[PDB]
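Visitor: Take this structure, written in structure tokens, and hold onto it; I'll ask about it next.
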Amino acid sequence: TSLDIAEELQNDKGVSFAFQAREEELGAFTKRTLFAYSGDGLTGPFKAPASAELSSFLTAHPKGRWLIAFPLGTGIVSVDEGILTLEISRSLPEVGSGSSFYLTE
Amino acid sequence: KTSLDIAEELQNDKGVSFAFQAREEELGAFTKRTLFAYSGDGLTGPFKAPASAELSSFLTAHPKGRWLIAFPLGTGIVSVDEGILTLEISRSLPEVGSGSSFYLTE
Amino acid sequence: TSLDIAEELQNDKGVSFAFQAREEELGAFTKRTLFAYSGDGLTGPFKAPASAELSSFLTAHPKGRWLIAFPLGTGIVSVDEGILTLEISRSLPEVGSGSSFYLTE
């Protein structure tokens with residue numbers, strides 16, 4: 001483990017998300033994992049400003065965004081100009097927890 | 001970091017076995033608590049089994065008082081009441097497989 | 001953590017998969033986790049030769065195969081004669097990341 005950021009983000013509708021970013025070295029490979037939790041429900045996209053460390057981490061993904069599975073539906077996390085966006089495929093009465101990762105050489 | 005790791009096997013009347021692992025981790029200002037669940041068995045109704053006091057204690061700590069958990073074929077809710085662990089499922093599962101549920105807190 | 005193998009595997013349609021195998025000891029219990037990532041899409045099964053360490057890890061599962069949930073669908077990983085197979089329930093336009101684990105005494 002060469003990194004562990006955690007932070008809580010909030011929009012003005014009141015929704016809170018906690019994120020954890022983690023980096024791990026495995027010989028030739030690196031793993032980067034995003035962890036997300038919210039107790040809230042969500043109907044539209046979630047937008048909130050992120051710290052520079054998180055924005056930096058989130059930009060590193062090879063696809064420029066993080067496909068993430070929650071118990072009730074699927075989201076895409078991306079960052080743009082220090083604004084974090086989580087878009088969802090369907091409205092979620094509760095978000096819950098999920099993670100998204102990639103492995104790289 | 002890791003300030004806790006309980007693991008146990010629980011069993012019901014039919015003979016359905018679940019293994020659980022509870023984990024706590026400290027991340028500066030934040031704590032993460034993760035429940036991991038595995039069963040090779042299929043499940044049609046709810047799974048009820050007695051849990052150790054450490055596990056019951058861990059499971060009760062959740063801000064919603066229950067653990068929403070995704071398995072490969074369906075969704076479950078884990079809760080504890082009076083030292084009885086209950087896993088309720090949205091649909092019957094021919095195989096449970098593995099899943100995790102966590103939360104982050106300040 | 002008593003083990004961490006990671007490798008990249010590749011098939012004839014251009015699809016690359018990264019796998020990480022992990023073993024952890026927890027007092028009386030062991031946990032074995034497979035992690036899988038691919039940025040590619042996948043229509044049929046994914047077949048690729050694996051290292052001996054990975055074949056060995058994958059054979060250890062009590063069911064002889066790993067049921068694994070990806071954001072858009074479900075897969076079964078198994079190994080036979082050092083050939084890794086990932087079968088899918090539906091075609092996946094993108095595979096993303098997932099893990100599968102078991103606990104044992």
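Ligands are numbered from 1 in the order shown, chains are lettered A, B, ... in the order of the structure tokens, and residues start at 1 in each chain.
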Counting only C-alpha atoms, collect the residues of chain C whose closest atom lies at most 10 Å from chain B, and write them out as a list in words.

Guide: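 Selected residues: residues 26, 27, 28, 29, 30, 31, 33, 62, 63, 66, 67, 68, 69, 70, 71, 73, 74, 75, 98, 99, 100, 101, 102, 103, 104 and 105 of chain C.
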
Visitor: Up to 9 Å from chain A, what residues of chain C turn up? Count only C-alpha atoms and give them as a PyMOL selection string.

Guide: chain C and resi 4-8+18-20+36-39+70-72+96-98

Visitor: Take the residues that were just selected and, keeping N, CA, C and O atoms, output them as a PDB file, in the first residue's frame.

Guide:
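Just written: out-v5.pdb:
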```pdb
ATOM      1  N   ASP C   4       0.549 -12.887  -3.202  1.00  0.00           N
ATOM      2  CA  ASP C   4       0.024 -11.937  -4.195  1.00  0.00           C
ATOM      3  C   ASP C   4       0.636 -12.192  -5.578  1.00  0.00           C
ATOM      4  O   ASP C   4       1.712 -11.694  -5.887  1.00  0.00           O
ATOM      5  N   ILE C   5      -0.041 -12.988  -6.393  1.00  0.00           N
ATOM      6  CA  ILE C   5       0.313 -13.112  -7.803  1.00  0.00           C
ATOM      7  C   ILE C   5      -0.512 -12.101  -8.603  1.00  0.00           C
ATOM      8  O   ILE C   5      -1.666 -11.833  -8.269  1.00  0.00           O
ATOM      9  N   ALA C   6       0.087 -11.541  -9.645  1.00  0.00           N
ATOM     10  CA  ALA C   6      -0.631 -10.706 -10.615  1.00  0.00           C
ATOM     11  C   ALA C   6      -0.141 -11.058 -12.011  1.00  0.00           C
ATOM     12  O   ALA C   6       1.051 -11.228 -12.215  1.00  0.00           O
ATOM     13  N   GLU C   7      -1.043 -11.192 -12.972  1.00  0.00           N
ATOM     14  CA  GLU C   7      -0.602 -11.317 -14.357  1.00  0.00           C
ATOM     15  C   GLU C   7      -1.588 -10.821 -15.373  1.00  0.00           C
ATOM     16  O   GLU C   7      -2.774 -10.694 -15.084  1.00  0.00           O
ATOM     17  N   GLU C   8      -1.076 -10.502 -16.556  1.00  0.00           N
ATOM     18  CA  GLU C   8      -1.905 -10.136 -17.701  1.00  0.00           C
ATOM     19  C   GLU C   8      -2.036 -11.314 -18.661  1.00  0.00           C
ATOM     20  O   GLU C   8      -1.074 -11.976 -18.969  1.00  0.00           O
ATOM     21  N   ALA C  18      -6.344  -8.500 -16.745  1.00  0.00           N
ATOM     22  CA  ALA C  18      -5.381  -8.558 -15.662  1.00  0.00           C
ATOM     23  C   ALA C  18      -6.030  -9.322 -14.511  1.00  0.00           C
ATOM     24  O   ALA C  18      -7.182  -9.056 -14.186  1.00  0.00           O
ATOM     25  N   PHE C  19      -5.309 -10.277 -13.918  1.00  0.00           N
ATOM     26  CA  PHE C  19      -5.776 -10.994 -12.735  1.00  0.00           C
ATOM     27  C   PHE C  19      -4.853 -10.784 -11.568  1.00  0.00           C
ATOM     28  O   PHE C  19      -3.648 -10.721 -11.750  1.00  0.00           O
ATOM     29  N   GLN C  20      -5.411 -10.665 -10.371  1.00  0.00           N
ATOM     30  CA  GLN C  20      -4.620 -10.686  -9.159  1.00  0.00           C
ATOM     31  C   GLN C  20      -5.190 -11.745  -8.246  1.00  0.00           C
ATOM     32  O   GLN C  20      -6.391 -11.784  -8.013  1.00  0.00           O
ATOM     33  N   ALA C  36     -10.293  -9.391 -11.008  1.00  0.00           N
ATOM     34  CA  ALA C  36     -10.198  -9.379 -12.473  1.00  0.00           C
ATOM     35  C   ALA C  36     -10.529  -8.034 -13.074  1.00  0.00           C
ATOM     36  O   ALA C  36     -11.485  -7.409 -12.689  1.00  0.00           O
ATOM     37  N   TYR C  37      -9.726  -7.592 -14.024  1.00  0.00           N
ATOM     38  CA  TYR C  37      -9.979  -6.345 -14.703  1.00  0.00           C
ATOM     39  C   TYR C  37      -9.743  -6.491 -16.200  1.00  0.00           C
ATOM     40  O   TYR C  37      -8.772  -7.090 -16.628  1.00  0.00           O
ATOM     41  N   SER C  38     -10.648  -5.940 -16.991  1.00  0.00           N
ATOM     42  CA  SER C  38     -10.434  -5.759 -18.410  1.00  0.00           C
ATOM     43  C   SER C  38     -11.128  -4.479 -18.880  1.00  0.00           C
ATOM     44  O   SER C  38     -12.257  -4.210 -18.497  1.00  0.00           O
ATOM     45  N   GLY C  39     -10.437  -3.688 -19.692  1.00  0.00           N
ATOM     46  CA  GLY C  39     -11.070  -2.547 -20.358  1.00  0.00           C
ATOM     47  C   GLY C  39     -11.841  -2.918 -21.634  1.00  0.00           C
ATOM     48  O   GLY C  39     -12.645  -2.145 -22.128  1.00  0.00           O
ATOM     49  N   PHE C  70     -19.319  -8.830 -12.433  1.00  0.00           N
ATOM     50  CA  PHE C  70     -18.851  -7.601 -13.028  1.00  0.00           C
ATOM     51  C   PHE C  70     -19.993  -6.575 -13.070  1.00  0.00           C
ATOM     52  O   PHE C  70     -21.149  -6.943 -12.894  1.00  0.00           O
ATOM     53  N   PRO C  71     -19.679  -5.286 -13.295  1.00  0.00           N
ATOM     54  CA  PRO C  71     -20.747  -4.313 -13.255  1.00  0.00           C
ATOM     55  C   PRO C  71     -21.950  -4.640 -14.147  1.00  0.00           C
ATOM     56  O   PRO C  71     -23.087  -4.409 -13.731  1.00  0.00           O
ATOM     57  N   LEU C  72     -21.717  -5.192 -15.342  1.00  0.00           N
ATOM     58  CA  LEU C  72     -22.807  -5.413 -16.310  1.00  0.00           C
ATOM     59  C   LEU C  72     -23.227  -6.856 -16.478  1.00  0.00           C
ATOM     60  O   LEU C  72     -24.116  -7.140 -17.269  1.00  0.00           O
ATOM     61  N   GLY C  96     -14.996  -4.301 -17.114  1.00  0.00           N
ATOM     62  CA  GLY C  96     -14.746  -3.586 -15.877  1.00  0.00           C
ATOM     63  C   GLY C  96     -13.990  -4.448 -14.871  1.00  0.00           C
ATOM     64  O   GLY C  96     -13.148  -5.310 -15.235  1.00  0.00           O
ATOM     65  N   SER C  97     -14.289  -4.230 -13.594  1.00  0.00           N
ATOM     66  CA  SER C  97     -13.594  -4.941 -12.540  1.00  0.00           C
ATOM     67  C   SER C  97     -14.564  -5.746 -11.664  1.00  0.00           C
ATOM     68  O   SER C  97     -15.744  -5.409 -11.528  1.00  0.00           O
ATOM     69  N   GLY C  98     -14.053  -6.816 -11.091  1.00  0.00           N
ATOM     70  CA  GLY C  98     -14.784  -7.571 -10.111  1.00  0.00           C
ATOM     71  C   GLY C  98     -13.856  -8.457  -9.303  1.00  0.00           C
ATOM     72  O   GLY C  98     -12.685  -8.633  -9.628  1.00  0.00           O
TER      73      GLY C  98
END
```

Visitor: Using only C-alpha atoms, which residues sit within 8 Å of stretch 77-89 of chain B once same-chain residues fewer than 3 positions away are excluded, as a compact mmCIF listing (two decimals) with C-alpha atoms, in the first residue's frame?

Guide:
```
# COMPACT_ATOMS: atom_id res chain seq x y z
CA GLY B 45 -35.71 -18.23 2.04
CA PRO B 46 -33.91 -16.09 4.62
CA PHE B 47 -30.81 -17.42 6.31
CA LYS B 48 -30.99 -17.33 10.15
CA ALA B 49 -28.14 -18.43 12.43
CA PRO B 50 -26.74 -17.51 15.86
CA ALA B 51 -23.67 -15.24 15.77
CA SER B 52 -20.82 -14.69 18.25
CA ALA B 53 -21.07 -11.55 20.40
CA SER B 56 -23.29 -9.13 16.54
CA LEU B 59 -23.04 -5.75 12.62
CA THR B 60 -25.03 -3.50 14.96
CA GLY B 65 -28.68 -0.97 11.37
CA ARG B 66 -28.24 -3.37 8.44
CA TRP B 67 -25.90 -4.30 5.62
CA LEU B 68 -27.07 -4.06 2.03
CA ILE B 69 -24.93 -6.56 0.12
CA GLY B 74 -28.96 -11.10 -6.36
CA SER B 92 -33.96 -17.14 -4.58
```

Visitor: If you run DSSP on the backbone, which residues of chain A are helix (DSSP H, G or I), as a PyMOL selection string?

Guide: chain A and resi 52-59

Visitor: Write the residues of the preceding selection, restricted to N, CA, C and O atoms, as a compact mmCIF listing (two decimals), in the first residue's frame.

Guide:
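What landed in part.txt:
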```
# COMPACT_ATOMS: atom_id res chain seq x y z
N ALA A 52 -7.52 18.13 -4.45
CA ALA A 52 -6.64 17.99 -5.62
C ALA A 52 -6.05 16.59 -5.68
O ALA A 52 -5.74 16.09 -6.77
N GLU A 53 -5.90 15.96 -4.52
CA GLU A 53 -5.33 14.62 -4.47
C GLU A 53 -6.30 13.59 -5.11
O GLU A 53 -5.87 12.71 -5.93
N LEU A 54 -7.58 13.69 -4.75
CA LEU A 54 -8.59 12.82 -5.31
C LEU A 54 -8.76 13.06 -6.82
O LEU A 54 -8.81 12.09 -7.62
N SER A 55 -8.82 14.33 -7.23
CA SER A 55 -8.94 14.65 -8.65
C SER A 55 -7.79 14.05 -9.44
O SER A 55 -7.96 13.55 -10.55
N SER A 56 -6.63 14.10 -8.84
CA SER A 56 -5.45 13.57 -9.45
C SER A 56 -5.57 12.05 -9.61
O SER A 56 -5.30 11.52 -10.70
N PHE A 57 -5.97 11.38 -8.53
CA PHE A 57 -6.15 9.93 -8.54
C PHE A 57 -7.17 9.49 -9.59
O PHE A 57 -6.90 8.59 -10.38
N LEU A 58 -8.33 10.15 -9.59
CA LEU A 58 -9.43 9.82 -10.48
C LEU A 58 -9.14 10.01 -11.97
O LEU A 58 -9.74 9.35 -12.81
N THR A 59 -8.24 10.94 -12.28
CA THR A 59 -7.83 11.25 -13.65
C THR A 59 -6.89 10.19 -14.21
O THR A 59 -6.82 10.00 -15.40
```

Visitor: So the first atom is atom CA of residue C:42 and the second is atom CA of residue C:60; what is the distance between them in Å, to one decimal place?

Guide: 26.1 Å

Visitor: Quick one: DSSP strand (DSSP E or B) residues in chain C, as a VMD selection string?

Guide: chain C and resid 3 to 10 16 to 26 29 to 38 42 46 to 49 66 to 70 73 to 80 83 to 88 92 96 to 104

Visitor: For the selection just defined, write its residues with C-alpha atoms to a file, as a compact mmCIF listing (two decimals), in the first residue's frame.

Guide:
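For reference, again-v2.txt as written:
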```txt
# COMPACT_ATOMS: atom_id res chain seq x y z
CA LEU C 3 0.56 -14.37 -1.28
CA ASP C 4 0.02 -11.94 -4.20
CA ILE C 5 0.31 -13.11 -7.80
CA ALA C 6 -0.63 -10.71 -10.62
CA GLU C 7 -0.60 -11.32 -14.36
CA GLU C 8 -1.91 -10.14 -17.70
CA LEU C 9 -3.53 -12.67 -19.99
CA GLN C 10 -4.51 -12.17 -23.61
CA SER C 16 -6.57 -8.36 -22.31
CA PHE C 17 -7.40 -9.37 -18.73
CA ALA C 18 -5.38 -8.56 -15.66
CA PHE C 19 -5.78 -10.99 -12.73
CA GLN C 20 -4.62 -10.69 -9.16
CA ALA C 21 -4.74 -13.66 -6.80
CA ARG C 22 -4.45 -13.03 -3.10
CA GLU C 23 -4.29 -15.26 -0.06
CA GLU C 24 -4.78 -13.99 3.52
CA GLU C 25 -4.61 -15.73 6.89
CA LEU C 26 -7.05 -14.77 9.60
CA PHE C 29 -9.38 -19.05 8.50
CA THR C 30 -7.91 -18.48 5.08
CA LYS C 31 -9.33 -16.14 2.46
CA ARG C 32 -8.53 -16.49 -1.22
CA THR C 33 -9.53 -13.67 -3.54
CA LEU C 34 -9.39 -13.46 -7.32
CA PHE C 35 -9.49 -9.90 -8.76
CA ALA C 36 -10.20 -9.38 -12.47
CA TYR C 37 -9.98 -6.34 -14.70
CA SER C 38 -10.43 -5.76 -18.41
CA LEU C 42 -16.39 -9.56 -24.54
CA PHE C 46 -12.25 -15.76 -22.78
CA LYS C 47 -9.55 -18.47 -23.06
CA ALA C 48 -5.89 -17.86 -22.33
CA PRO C 49 -2.98 -19.90 -21.01
CA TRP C 66 -14.95 -18.82 -9.38
CA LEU C 67 -18.33 -17.14 -9.71
CA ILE C 68 -17.53 -13.46 -10.28
CA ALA C 69 -19.77 -10.35 -10.60
CA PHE C 70 -18.85 -7.60 -13.03
CA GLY C 73 -22.96 -9.19 -15.86
CA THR C 74 -21.83 -12.39 -14.24
CA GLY C 75 -18.93 -14.70 -15.08
CA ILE C 76 -17.42 -18.06 -14.14
CA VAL C 77 -13.65 -18.41 -14.03
CA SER C 78 -12.18 -21.88 -14.19
CA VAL C 79 -8.88 -23.49 -15.16
CA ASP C 80 -8.27 -26.65 -17.06
CA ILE C 83 -5.93 -22.93 -19.80
CA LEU C 84 -7.94 -20.20 -18.02
CA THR C 85 -11.57 -19.86 -19.12
CA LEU C 86 -13.93 -17.03 -18.28
CA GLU C 87 -17.47 -17.80 -19.32
CA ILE C 88 -20.11 -15.02 -19.32
CA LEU C 92 -20.40 -7.41 -22.04
CA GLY C 96 -14.75 -3.59 -15.88
CA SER C 97 -13.59 -4.94 -12.54
CA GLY C 98 -14.78 -7.57 -10.11
CA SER C 99 -13.66 -10.00 -7.48
CA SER C 100 -14.61 -13.40 -6.18
CA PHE C 101 -13.45 -14.95 -2.92
CA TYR C 102 -13.96 -17.80 -0.51
CA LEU C 103 -13.21 -18.36 3.19
CA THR C 104 -12.03 -21.71 4.53
```

Visitor: Using only C-alpha atoms, which residues sit within 8 Å of residue B:16 once same-chain residues fewer than 6 positions away are excluded, as a list in words?

Guide: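 The contact residues come out as residues 39, 41, 42 and 43 of chain B.
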
Visitor: Write out, as an mmCIF file, in the first residue's frame, the residues just selected, with C-alpha atoms.

Guide:
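Resulting contents of part.cif:
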```cif
data_model
loop_
_atom_site.group_PDB
_atom_site.id
_atom_site.type_symbol
_atom_site.label_atom_id
_atom_site.label_comp_id
_atom_site.auth_asym_id
_atom_site.auth_seq_id
_atom_site.Cartn_x
_atom_site.Cartn_y
_atom_site.Cartn_z
ATOM 1 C CA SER B 39 -21.499 -19.408 0.703
ATOM 2 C CA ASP B 41 -24.859 -23.215 -1.013
ATOM 3 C CA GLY B 42 -28.119 -22.158 -2.654
ATOM 4 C CA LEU B 43 -30.745 -20.219 -0.728
#
```
